[PDB]
Amino acid sequence: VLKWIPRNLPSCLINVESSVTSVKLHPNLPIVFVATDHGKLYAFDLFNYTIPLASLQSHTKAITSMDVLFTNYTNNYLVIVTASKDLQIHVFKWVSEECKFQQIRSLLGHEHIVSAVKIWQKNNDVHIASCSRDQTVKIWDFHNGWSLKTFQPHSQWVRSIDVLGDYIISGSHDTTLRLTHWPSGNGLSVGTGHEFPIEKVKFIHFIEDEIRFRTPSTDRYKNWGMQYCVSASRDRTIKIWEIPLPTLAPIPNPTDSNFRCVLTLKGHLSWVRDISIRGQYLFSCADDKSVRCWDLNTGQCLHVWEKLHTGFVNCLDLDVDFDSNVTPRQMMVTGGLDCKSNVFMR
Amino acid sequence: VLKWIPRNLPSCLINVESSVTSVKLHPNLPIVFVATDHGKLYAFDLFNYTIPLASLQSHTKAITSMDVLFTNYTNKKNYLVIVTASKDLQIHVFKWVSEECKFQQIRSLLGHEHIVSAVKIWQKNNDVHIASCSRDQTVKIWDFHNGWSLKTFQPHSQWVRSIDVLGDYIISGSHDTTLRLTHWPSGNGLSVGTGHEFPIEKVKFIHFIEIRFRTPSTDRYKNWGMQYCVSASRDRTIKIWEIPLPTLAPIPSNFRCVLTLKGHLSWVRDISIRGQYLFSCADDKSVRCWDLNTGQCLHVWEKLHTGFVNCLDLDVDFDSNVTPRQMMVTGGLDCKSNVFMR
Amino acid sequence: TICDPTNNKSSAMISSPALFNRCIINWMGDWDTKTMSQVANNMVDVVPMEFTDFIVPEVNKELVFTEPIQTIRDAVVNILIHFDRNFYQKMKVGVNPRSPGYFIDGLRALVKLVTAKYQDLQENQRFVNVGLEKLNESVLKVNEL
Amino acid sequence: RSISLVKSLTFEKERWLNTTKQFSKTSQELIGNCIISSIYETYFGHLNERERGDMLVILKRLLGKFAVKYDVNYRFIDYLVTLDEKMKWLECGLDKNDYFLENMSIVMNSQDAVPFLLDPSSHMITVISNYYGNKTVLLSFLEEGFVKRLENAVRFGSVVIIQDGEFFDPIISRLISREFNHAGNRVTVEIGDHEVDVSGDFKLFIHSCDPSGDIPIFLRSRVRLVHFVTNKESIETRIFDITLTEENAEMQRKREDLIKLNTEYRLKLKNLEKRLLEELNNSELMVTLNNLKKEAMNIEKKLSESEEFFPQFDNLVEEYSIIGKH
Amino acid sequence: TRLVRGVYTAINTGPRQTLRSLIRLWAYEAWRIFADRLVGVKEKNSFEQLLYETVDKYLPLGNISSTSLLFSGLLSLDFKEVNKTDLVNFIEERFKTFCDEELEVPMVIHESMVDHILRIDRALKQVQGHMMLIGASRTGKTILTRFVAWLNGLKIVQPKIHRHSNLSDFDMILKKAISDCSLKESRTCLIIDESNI
Ligand SMILES: Nc1ncnc2c1ncn2[C@@H]1O[C@H](COP(=O)(O)OP(=O)(O)O)[C@@H](O)[C@H]1O
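Residue numbers (the deposited numbering), protein chains in the order written: chain A, 139 to 213, 218 to 351, 354 to 392, 397 to 494; chain B, 139 to 213, 216 to 350, 355 to 392, 397 to 400, 405 to 494; chain C, 2890 to 3034; chain D, 3291 to 3573, 3582 to 3624; chain E, 2623 to 2682, 2686 to 2822.
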């Protein structure tokens, strides 16, 4: 139900106008949203991939990252938030009545290109995170439309962010991680150990099922709700970090202001571009035109998807399994620089 | 899947500056290419059809035909090759740069003494060639890589209006009511055949699909691979012909007509085959779907264009590298083109 | 980084004891003819160049620097590289290395100007042809009445 | 009326037929003409007339060797210098000599590489200042505060000419190399230790008045050096102009007005033909086209009236040829 | 001695090897030790035929020319022999990323510049390794050094030496670079041009 391993061959081939930068999956309807370096934003069907459903040109630059969210309230649609090098964060509406796209609003304020955009909903107040080359992690509000907070946590520019509740981390070009508390806007701890810029960093959500790296150690970490964070850099490696427990507005701990690389995965041949979490398996793509699948318990590669694309594998995506509102289907989508996207079914 | 029927109402209505003569479809992308009478190429996004993605002055005279093919190299990178034929005594060959949605002119082929009417593109194991028919009553075969001539012959007394190519065998139809199947390298007429009284418009092969009209009859036909043919002329009829088997370098013997279809009211212009079905347009603004097995018209589409109708296009179903999409496209004389999707 | 290894400062850098004994000397030199031919092909294969007829000439194997001439592109890259070599030979540069920056600048100017001129010529001929066609149509309409 | 309108376009129909006849010739030989134009635009900037002619004839032979054709009557001014640009350059203050026209064309057609004005006469500083009006700024490598003023000029984006270019200051190496850090819709350049912002209309000019001067190899290799020397024809026509304006001033002014009116009428006729072709392309129109060819006939009559004064000037030129050659 | 040390680096950072692979590796090391200082094409051909004669007479094997020997550790985890078109494509994508990230300059990838990038990477990989790029202007020396330094994670430092500058400025920038190198453990790649002396 959770240990599904994809086959040796892709289930289908999807053709895109230019290089694919980001792919995401609709949590309910089996459709895939594919970004495009030319600027387009496609929306394909996993069962009828010969012709797209809808696609519009909303930027004059390359789309950098995107993610989806099936909105829920305490009182009910799907929202797509898109990053771009055009200094804008265009939020879109996916209407299921006519399977088309409708643009909602644009978030401005960044003085340069943005890299990663994350969205999460909590208590019927959904917020949109952002990170740019201004090294400013600006977080907006979807319902209101105006900004909420803004801080600079790094000397050089950030490249990727991840959120979990009220805590946000951000890898950067200066090879240093940093955990910053969003409501208070202050840093807590830093990470060190890479000599190449961080490509993608994301948290490790706890699961109740046994996996060594997705369970709390002490009661304090169970109360905090997070213990492990994983970062992928251009060092051809994957590092699982340890976040020290802050003394709790949270107060930084000077004696425990540094990270700790518990595990250091290795085996790739070039830069690791994007990473994913599913069960006890670590799914990562790189510039070796291949996708690996590491095991969190042992740290060994169990499958090599050699020559998946003819070029760089820029992105891949799974479904979130920790969240109860999303069914963790056995579907993994990947996108490459060779203007192709591979979708794995069953 | 392969039994798709287009809807009664078109899904996209595209406007251009002048009359449309040739419409082709991208084998891998939802992009449509149309040619105008001013020698202008328009590359259109399907979901954004109002503003042209690309607009280029390909020729100084009217474009007549156009063909596309995605190259496949086993070594090197692949790209889409578009060919335009016009009344400038020239043939132009472009590469479609999909990275930034802009045309790029690869090369040109010169040598015809009058206007050129149809140009085809087909890929060998690692090489690509091109054929052309002209008012010079001459079939000429060029290559895309070097650019100089490889074959030239005059098969018909009248001028050939349409050529189709498969393997090393060429079927050509002229202003004269006859067709001809010739061999590619030797340039000899393997078979001829009459049966019309008005000029042929479009003629093409009927390939094999793994059925009454897609199956080899004998083992002596399976190894050769060519059995049927389809033709259409101003006789308001569509004729399915049988081919005679040449004695194998081939040595040449007449055409056999095995089916005829009638029901058009004016000159037909294009013939397209998708699986079991046949799509044809006729100058009474009539788009008709015929069944090869039963042998009668199934669905009609009338008054699609205020003026005449010029051509249709559907994806190739008998090639591995081309996905048979559930879509169809057509053009008219009234600055209009119709796209049917799903 | 040394541009002219003949000058006094560069000679002092080269002939210095510890700089010579520690640094791995990598003589870039001027570009050879194969490199210039390759880069010229790779930055002129993206322009409308072959649009008229062409007859391959008869030249010596060592006299041609590229692959045997087939299209306009090989001819123009050969003519550019051969003229650049002759121009450097005529200026009496000696054993001083030859900067290929002039070659690159001229090739960029060539591709830009040929694109502009081809577009202008095609537009002008289309305009004159549609004007002649309109005049012929007006003549036919006047003769009909 | 339609018959009269058709009969009124016989000369234009003949011109169109001749142009369509000549299209095959002018397209078969386009690549060679473009090759010669590019060679002029990139190589012969820092050369004298004799050396230019010598490499011209060897390039003609070499180009004909590889079986690519050109124009036998090819000329650089007729190929690149458009008539409106020629009018603007002559109105700015540059002389009527053709070599200076070629060098001004090669200067004002290099938008990718900054040019090097090697002008001993020190008047092209003021003609280029006149070309861009009062918005230009004059800088030098020998002035204090040069860095800050150049930064302000970059931020404003005005046309900048830097004089005394043989004393090159290497802090502008990022502007000479034309390497740009594209930051969204803004382009930034690191000069010294703090970056600036390029306004997008910034243009750089380097002018040096020292013949046989010294310049760094880094500056030389990336900057289109163009020479500016007085040849025989320039001094000949200048001597003729001085002696004619010191002999008959009103007659000289009348001749200058006559030639200015003639070239203005030629430019107006060319624009008139282009406007007529553009108007006929998009198709009231009959009366408009009547006005068009009425203006054309008026211009032709004015030129034919102006034709009857040139042999006198030819006689004066033949008289003063001995003074010019001495 | 430099040849022996280069062979040691290639052997230690390499996969399992065969006798033909040892011959190719030793010949590449000889090419990068003895033949880089050569200037003439005739001298290069003489060195190539000398290597032919030496290998044939003392070691009783494909073409050994400079463009036919590309040893690099960029495409994998080990210093192995690589192919041509895959390396050209990979370095094309890496250069496009570098132009996106640091500065845009339109240079075209070709064979000799790929070989020069590989040898610059080999020289900068060595401990206490320094280079003397000698060649004509606009050949692409300093920008290639910048690109290779970016590939290996080196920080790029260029001295801002200009007119009306004395030895105090040079000492200041040298001391700043030294302090960044040592105190801040930042790997720096100083680039000294001829015009900066
Ligand atoms: N392979 C190449 N293709 C095209 N242009 C090149 C190439 N190599 C160098 N250049 C040109 O040279 C310039 C960079 O040279 P650079 O290394 O700065 O010279 P230097 O070492 O003398 O400072 C660039 O502007 C580029 O246009």
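Each residue gets a CB set at the ideal place from its N, CA and C atoms; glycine is no exception.
Under 7 Å, do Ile-340/B and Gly-313/B count as touching if we go by C-beta distance?
The residue you call residue 340/B lines up with position 200 of the second sequence. The residue you call residue 313/B lines up with position 173 of the second sequence. Yes. Within cutoff.
Rank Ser-257/B, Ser-156/B, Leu-163/B and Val-154/B by C-alpha distance to the C-alpha of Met-493/B and give the top, closest one.
For the purposes of this step, residue 493/B is identified with residue 341 of the second sequence, where counting begins at 1. Comparing Cα positions, the closest option is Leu-163/B.
Rounded to whole angstroms, what is the Cα-Cα separation between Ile-201/A and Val-256/A?
As a working mapping, residue 201/A is identified with position 63 in the first sequence. As a working mapping, residue 256/A is identified with position 114 in the first sequence. Answer to the nearest angstrom: the Cα atoms are 9 Å apart.
With 7 Å as the limit, tell me which residues of the stretch 152 to 176 of chain B have their beta carbon closer than that to any beta carbon of chain A; keep them in chain order.
From the stretch 152 to 176 of chain B, only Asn-166, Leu-167 and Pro-168 have a Cβ closer than 7 Å to chain A.
Would you say the beta carbon of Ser-424/B is closer than 6 Å to some non-hydrogen atom of ligand 1?
As a working note, residue 424/B is residue 272 in the second sequence. False, no ligand heavy atom lies under 6 Å from that Cβ.
Closer than 6 Å: is that where the CB of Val-2928/C sits relative to any heavy atom of ligand 1?
Mapped onto the third sequence, residue 2928/C falls at position 39. Indeed, a heavy atom of ligand 1 lies less than 6 Å from the Cβ.
For the alpha helix (DSSP H) that contains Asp-2973/C, what are its first and last residues?
Within the third sequence, numbered from 1, the residue matching residue 2973/C stands at position 84. Its alpha helix (DSSP H) spans residues 2961 to 2979.
Using beta-carbon positions only, say whether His-254/A and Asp-283/A come within less than 7 Å of one another.
The residue you call residue 254/A lines up with position 112 of the first sequence. The residue you call residue 283/A lines up with position 141 of the first sequence. Contact: no.
Quick check on DSSP: helix, strand or coil for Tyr-365/A?
The residue you call residue 365/A lines up with position 221 of the first sequence. It is helical.
Are the beta-carbon atoms belonging to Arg-440/B and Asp-469/B less than 7 Å from one another?
For the purposes of this step, residue 440/B is taken as the residue at position 288 of the second sequence. For the purposes of this step, residue 469/B is taken as the residue at position 317 of the second sequence. No.
Along the beta strand (DSSP E) that carries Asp-283/B, what are the first and last residues, could you check?
Within the second sequence, the letter at position 143 stands for residue 283/B. It spans 279 to 283 - the beta strand (DSSP E) in which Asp-283/B sits, taken as one unbroken run.
Compare the C-beta of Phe-407/B against all C-beta atoms of chain A and say whether one is closer than 7 Å.
The residue you call residue 407/B lines up with position 255 of the second sequence. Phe-407/B does not count as touching chain A.
Quick check on DSSP: helix, strand or coil for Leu-3557/D?
Taking the fourth sequence and counting its residues from 1, the one referred to as residue 3557/D is at position 267. It is helical.
If you drop the 5 nearest sequence neighbours on each side, which residues of the same chain put their C-beta closer than 7 Å to that of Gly-2765/E?
For this step, residue 2765/E is matched to residue 140 along the fifth sequence. Result list for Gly-2765/E: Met-2732 and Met-2738, in chain order.
Given a threshold of 16 other Cβ atoms within 10 Å of its Cβ, counted over all protein chains shown, does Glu-3433/D qualify as buried or as exposed?
Within the fourth sequence, the letter at position 143 stands for residue 3433/D. The residue is exposed, with fewer than 16 neighbouring Cβ atoms inside 10 Å.
Between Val-2733/E and ligand 1, is the CB less than 6 Å from at least one heavy atom?
Here residue 2733/E corresponds to residue number 108 of the fifth sequence, with the count starting at 1. The answer is yes for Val-2733/E.
Provide the residue span of the alpha helix (DSSP H) that contains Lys-2721/E, from first to last.
Here residue 2721/E refers to the residue found at position 96 of the fifth sequence. Residues 2710 to 2726.
Is it buried or exposed, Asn-218/A, if we count other Cβ atoms within 10 angstroms and call 16 or more buried?
Here residue 218/A is taken as the residue at index 76 of the first sequence, counted from 1. Exposed, by the Cβ-count rule.
Work out the CA separation of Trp-453/A and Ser-418/A for me, nearest whole Å.
Your numbering for residue 418/A matches position 270 in the first sequence. Your numbering for residue 453/A matches position 305 in the first sequence. If I take the Cα positions, the gap works out to 15 Å.
Going by other Cβ atoms of all chains shown within 10 Å of its Cβ, with 16 needed for buried, is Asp-3483/D buried or exposed?
Sequence index remark: in the fourth sequence, residue 3483/D carries index 193 (1-based). With fewer than 16 other Cβ atoms within 10 Å, it is exposed.
Below 8 Å between beta carbons is the criterion; list the residues of the stretch 263 to 295 of chain B that meet it against any residue of chain C, in chain order.
Under the 8 Å Cβ criterion, the stretch 263 to 295 of chain B contributes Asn-286, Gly-287 and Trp-288.
Does the structure place the stretch 183 to 197 of chain B close enough to the stretch 2892 to 2900 of chain C that three or more beta carbon pairs sit under 8 Å?
As far as the Cβ criterion goes, the stretch 2892 to 2900 of chain C does not touch the stretch 183 to 197 of chain B, which means the pair count is below three.
Please tell me whether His-232/A has its Cβ less than 7 Å away from any Cβ of chain D.
For the purposes of this step, residue 232/A is identified with residue 90 of the first sequence, where counting begins at 1. Output row for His-232/A: interface = no.
What does the Cβ neighbour count give for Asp-267/A, buried or exposed, with the cut at 16 atoms within 10 Å?
By one-based count along the first sequence, residue 267/A stands at place 125. Answer is exposed; the Cβ neighbour count stays below 16.
Looking at the C-beta of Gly-2778/E, does it have a partner C-beta in chain A at a distance below 7 Å?
Within the fifth sequence, numbered from 1, the residue matching residue 2778/E stands at position 153. Chain A, which has a Cβ nearer than 7 Å to the Cβ of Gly-2778/E, makes this yes.
Spell out whether any CB of chain E is found under 7 Å from the CB atom of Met-2932/C.
In the third sequence, residue 2932/C corresponds to position 43, counting from 1. Yes, its Cβ sits closer than 7 Å to a Cβ of chain E.
Does any CB atom of chain E fall closer than 7 Å to the CB of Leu-417/A?
In the first sequence, the residue the question calls residue 417/A occupies position 269. Cβ-Cβ to chain E under 7 Å: yes for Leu-417/A.
For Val-279/B and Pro-2937/C, what's the separation of their Cα atoms in angstroms?
One-based indexing of the second sequence puts residue 279/B at position 139. One-based indexing of the third sequence puts residue 2937/C at position 48. Whole-angstrom Cα-Cα distance: 26 Å.
If you reduce the DSSP assignment to three classes, tell me which class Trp-442/A lands in.
As a working note, residue 442/A is residue 294 in the first sequence. Note: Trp-442/A maps to strand in three-state DSSP.
With hydrogens ignored, establish whether the beta-carbon of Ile-2993/C is closer than 6 Å to any heavy atom of ligand 1.
Numbered from 1 along the third sequence, position 104 holds the residue referred to as residue 2993/C. Indeed, a heavy atom of ligand 1 lies less than 6 Å from the Cβ.
Measuring only from the beta carbon, is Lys-2766/E closer than 6 Å to any heavy atom that is part of ligand 1?
Locating residue 2766/E in the fifth sequence gives position 141, counting from the first residue. True, at least one ligand heavy atom lies under 6 Å from that Cβ.
Grouping DSSP H, G and I as helix and E and B as strand, with all else coil, what is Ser-274/A?
Along the first sequence, one-based indexing puts residue 274/A at 132. Here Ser-274/A sits in strand by DSSP.
So for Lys-3355/D, helix, strand or coil by DSSP?
Locating residue 3355/D in the fourth sequence gives position 65, counting from the first residue. Correct three-state label for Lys-3355/D: helix.
Can a CB atom of chain A be found closer than 7 Å to the CB of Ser-2701/E?
Numbered from its first residue, the fifth sequence carries residue 2701/E at position 76. Yes, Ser-2701/E lies at the interface with chain A (some Cβ there is under 7 Å from its Cβ).
May I have the straight-line CA-CA distance separating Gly-447/A from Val-161/A, to the nearest angstrom?
Working through the first sequence from its first residue, we reach residue 447/A at position 299. Working through the first sequence from its first residue, we reach residue 161/A at position 23. Each residue's alpha carbon lies about 26 Å from the other.
Of all the residues that make up the stretch 2704 to 2737 of chain E, which are near chain A by a beta-carbon distance shorter than 7 Å?
Against chain A - using a Cβ distance shorter than 7 Å - the residues of the stretch 2704 to 2737 of chain E are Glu-2718.
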